[PDB]
Amino acid sequence: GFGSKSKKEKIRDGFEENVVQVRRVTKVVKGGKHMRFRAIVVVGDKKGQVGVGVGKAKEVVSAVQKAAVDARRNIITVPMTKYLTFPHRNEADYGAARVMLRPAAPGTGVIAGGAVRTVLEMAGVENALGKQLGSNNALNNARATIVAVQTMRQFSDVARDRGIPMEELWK
Amino acid sequence: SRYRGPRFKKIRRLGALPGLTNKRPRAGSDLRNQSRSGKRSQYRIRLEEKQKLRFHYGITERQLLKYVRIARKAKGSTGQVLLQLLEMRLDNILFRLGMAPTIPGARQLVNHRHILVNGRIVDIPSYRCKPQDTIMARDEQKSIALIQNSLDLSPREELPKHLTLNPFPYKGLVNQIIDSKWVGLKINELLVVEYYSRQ
Amino acid sequence: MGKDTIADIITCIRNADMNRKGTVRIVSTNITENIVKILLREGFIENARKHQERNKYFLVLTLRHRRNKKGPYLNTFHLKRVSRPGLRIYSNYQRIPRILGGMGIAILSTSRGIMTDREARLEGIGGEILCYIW
Amino acid sequence: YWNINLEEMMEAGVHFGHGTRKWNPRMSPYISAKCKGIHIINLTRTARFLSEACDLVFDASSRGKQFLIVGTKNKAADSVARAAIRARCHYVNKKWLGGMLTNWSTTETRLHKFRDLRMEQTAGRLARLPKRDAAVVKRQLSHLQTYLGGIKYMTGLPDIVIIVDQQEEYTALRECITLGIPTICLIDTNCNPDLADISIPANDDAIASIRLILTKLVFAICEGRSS
Amino acid sequence: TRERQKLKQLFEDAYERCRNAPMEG
RNA sequence: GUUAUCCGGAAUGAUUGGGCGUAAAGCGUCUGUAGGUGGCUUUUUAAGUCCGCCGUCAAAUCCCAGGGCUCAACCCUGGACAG
């Protein structure tokens, strides 16, 4: 109880935050019908470092930052080899949200649906195109991209895994 | 059209449109209300990169669709090539050479047929220049020294590396297509390119 | 011994390592022998051994791993058929795909033998794409 | 170096495994033999993984950390405490709480209260208040004495946690896997080598096998402090 | 800093849980 | 700007690209004709398949590169992958 949380908020230049949806989810009780706020926060620096997080609380801002503290303990790093794009195409479903990611030329800003585009514009990739096949959901969507960019391999570690010395690569 | 309109509105909204319509910074006696408070949808952000581009060059938006279709149609970084097809626009060059203070100034300065290019007159502001061109005045403009007034008040900013201004014989030429670093305006190519993906 | 002798080997590979078992026993026909010959030399697997049980020469095949992890092999193998029996696929030397840029290979049946994308792209020949792994 | 002769384990209760129709078959490329309703663990890979165990324990203390050992079984209850008073490590007495590693903020405040109640227990002002307050302080001090009596000397997380075999402490183990804290533990004949990332598969039916591997690692840690 | 140290520890251990499940025995 | 017509979005007819325990959906089960798919080795022809060469698929259109109208639209010259 020292006060004002100035040093303790950690001013968040390192991780920039945004919501991607704040739906009010509600439960009914004996007394009636009371609601809490479920916010989904995607945290990440533009270095290649993102992760989702849900939260719910009766306040809006405590749900956002509570989802952020859930989010900033959930980070993967993005395998993004070239001039801020992707090594190869990928698809990976989670639940019932399927996400096709596809690398792009460098003259192409990120084009995807709002959750996928949110976790990629926070991922610092600049050149991708990801269609979403399946759900209208936002959480399983974004988390499906996170699973869809964990399982993604560069050329250096595939060259290391196969044992092949090196060729067949322009750069 | 031209849009020909109130323009500090567009500077307060879009941020400072550099060079175009002012060297004077906005709101010398203004802005003392209207808290943004931080709510701006992302479509508003990409839209403000459209109009940050569209007002800074004075284009019709249908003509900007035309330049995006040519920019996709060419080979390479479409976020950059859009800012090559809108830098070697003629009145942008006459702005950049300081032949006029503002880009409506250069557009009107080329509407009233005051520019010879390679010795031939070009009456149209949307003319796209080439490498190794020649940009001069009119023969009456040594008697009509309006260009010399603009070159008098101009030379705070010098030139980017395509231009070569000759002092009294008033000739400016571009060595090669302008580089991205060379582009004067500061904006994200990806934001604008992404916006037109929908078409 | 079903309908396919190539979904035989392939489905034994997927079903082998999705249960993390690093050992395959399959029949050794000519085209299985050729696939494991062009597959051990490309770093996906470790060893292939012929032997006999009732004078029926089989292939036991040792898969790759790594060390003691949550799962001892990191890169999931992801084998896939293409030219199904009843839907044959055929490619020229144009269509022949660089799988994921090259991180996968597309083993295919040339008139020479069966090659990879390296050994059928330099030849300029084309043929029936058996399957591509990645 | 950290060797153990093969015969010292091979004589005692190390290959003396567990029940022959309870085996969890991720030991199928591991377990050597089966005899009389009891499994027989492969001792070569056992001693090699113990070589690796003492390499990665003595190296980790050679960096300079503090290690943790869980003690809960009541068949190996006090043997861990003997294996933790001399070895300087902090230890679980008899019983575990779900949350002593991951929810350690409330456990930390619970150590504020436990530290203050030990300060009141030592100070001799316990006999001021009558049997009510003394009864309450003895009860909560008894419960924190059950858990937090053996880990008073810890702030923060350890580096390596070595646990009572597999069964009773999947809770503490899964808190370690959530925290990422590497653990090197004991495996029965029917458990997972892939829960932790290196562990030491040997049966823990023998108290002398438990005293063997734990005593081995106790001298590994103390020689880690030897600097 | 503490989180980074923890991560480094985890890497060390995973590598220590990477060197010798291969070979060894 | 509204309306109408068409495509997209629509993976909402699905080869690329869906499903059938409970959401729409497995015949009540079985025999079997036509038809579909099919074990292994060796040999032969090459119908499919692949490679080379050749002919043709008018001109105009689309793509690339030049050139002309003050630019563009449009016009013109040459070239070609596919298939």
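Positions of Cβ are backbone-derived with ideal geometry, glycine not excepted, and every protein chain shown enters the neighbour counts. Rule-based calculations on the coordinates, nothing more; no lab input.
Values as computed for the structure displayed
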{"item": "Output for region D:192-206, where each listed residue is farther than 16 Å from D:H15 by Cβ and either out of contact with any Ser or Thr (no Cβ under 9 Å at 6 or more places or on another chain) or crowded, with 22+ Cβ neighbours inside 10 Å (or both)", "result": "D:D194, D:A196, D:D197, D:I198, D:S199"}
{"item": "Residues of region A:146-171 satisfying the condition of being touching a strand residue (DSSP E or B) at 6+ places or on another chain (Cβ under 9 Å) and among the aliphatic types (A, V, I, L, M)", "result": "A:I146, A:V147, A:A148, A:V149, A:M152"}
{"item": "Residue list for region D:154-200, restricted to those being part of a loop (DSSP other than H, G, I, E, B) and within 17 Å of D:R211 (Cα to Cα)", "result": "D:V164, D:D165, D:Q166, D:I184, D:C185, D:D188, D:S199"}
{"item": "Of residues in region C:18-47 being more than 16 Å from RNA strand F (Cβ to nearest atom) and more than 14 Å from chain A (Cβ to nearest Cβ), the one surrounded by the most Cβ atoms within 10 Å (Cβ to Cβ)", "result": "C:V24"}
{"item": "Complete set of residues in region C:50-105 that are among the small types (G, A, S), away from RNA strand F (no atom under 14 Å from the Cβ) and under 18 Å from the mean Cα position of the chain (by Cα)", "result": "C:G102, C:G104"}
{"item": "Test: residue in region B:141-148 that is within 14 Å of chain A (Cβ to nearest Cβ), in a helix (DSSP H, G or I) and not acidic (D, E)", "result": "no"}
{"item": "Failed condition for D:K152, given (1) surrounded by 15 or more Cβ atoms within 10 Å (Cβ to Cβ); (2) of a type in the set (D, E, K, R); (3) touching a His at 6+ places or on another chain (Cβ under 8 Å)", "result": "(1)"}
{"item": "Residue check, A:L129 more than 21 Å from A:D45 (Cβ to Cβ), aliphatic (A, V, I, L, M) and away from chain B (no Cβ under 14 Å)", "result": "no"}
{"item": "Tally of residues being within 14 Å of RNA strand F (Cβ to nearest atom) and either in contact with a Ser or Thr (Cβ under 7 Å, 6 or more places away or on another chain) or not in a helix (DSSP H, G or I) (or both) across region B:47-62", "result": "2"}
{"item": "Lone qualifier among B:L90, B:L109 - being closer than 23 Å to B:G19 by Cα, in contact (Cβ under 8 Å) with a residue 24 or more places away in the chain, away from every other protein chain (no Cβ under 14 Å) and within 11 Å of RNA strand F (Cβ to nearest atom)", "result": "B:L90"}
{"item": "When residues of region A:116-132 are limited to those that are away from RNA strand F (no atom under 16 Å from the Cβ) and part of a strand (DSSP E or B), the one surrounded by the most Cβ atoms within 10 Å (Cβ to Cβ)", "result": "A:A128"}
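Okay, residues lined up against (1) more than 13 Å from chain A (Cβ to nearest Cβ); (2) within 18 Å of C:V36 (Cα to Cα):
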position	(1), (2)
C:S91	yes, no
C:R98	no, no
C:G101	no, no
C:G104	no, yes
C:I107	yes, yes
C:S111	yes, no
C:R118	no, yes
C:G124	yes, no
C:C131	yes, yes
